[PDB]
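Here is the structure we will look at.
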C-alpha cells in the first residue's frame, strides 16, 4: 500500500500462528517449551482449548522457516502414543 503513515507502526504482521493438538495430558509443560524452542524461536506460546481430552496450545514463531519445521515434525511427532497434530492457523481479517 501507499506510504501514508507517520509514527510508530504496530507489530501485528507476519503472524503465522500454529495450532497444536493431540497433546498428552501426562507430559510436563516444562518439557513442551523445550520441544518448541528446539525447532526455532517461539515468539510466544498461547493456550487453547479445542474441547478435547488432549492438551491444545498455539505456537507463535518469529520466522516462517523456523515455524515450517516445528509443524513439519510436530504435525506427526508421536509423543506418549499421541500423534501431535499441527495446522497453520489463519490470520485475523476484517471480514466474516
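Mean residue ellipticity at 222 nm from the helices of the chain, using -39,500 (n - 2.57) per DSSP H segment of n ≥ 4 over the full residue count, to the nearest 500 deg cm²/dmol?
Working: 2 runs with 22 residues, N = 96.
So the helix-based figure for the chain works out to -7000 deg cm²/dmol.
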note = All alpha-carbon distances of the chain, grouped into 5 Å bins from 0, give the whole-percent distribution 3, 12, 22, 23, 15, 10, 6, 5, 3, 2, 0
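Quick one: order 89, 15, 20 by neighbouring beta-carbon count within 10 Å, fewest to most.
Values: 89 16, 15 12, 20 26.
Starting with the residue having the fewest Cβ neighbours, the order is 15, 89, 20.
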task = Could you tell me what % of all Cα pairs in segment 26-66 have separations over 13 Å?
result = 58
inquiry  = Taking the 0 to 90 degree range and rounding to the nearest ten, how far is the long axis of helix 29-39 tilted relative to the main principal axis of the chain, both from C-alpha atoms?
reply    = 60
inquiry  = As I understand it, the value is the acute angle between the Cα axis of helix 64-74 and the longest principal axis of the Cα atoms of the chain; what does it come to in degrees, rounded to 10?
reply    = 20
task = State the dimensionless ratio Rg/Rh of segment 1-46 (Rg: radius of gyration of Cα atoms; Rh: Kirkwood radius).
result = 1.19
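Here, each number is a calculation from the coordinates, and none is a lab measurement. Neighbour counts run over all protein chains shown; Cβ positions are idealised from the backbone, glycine included.
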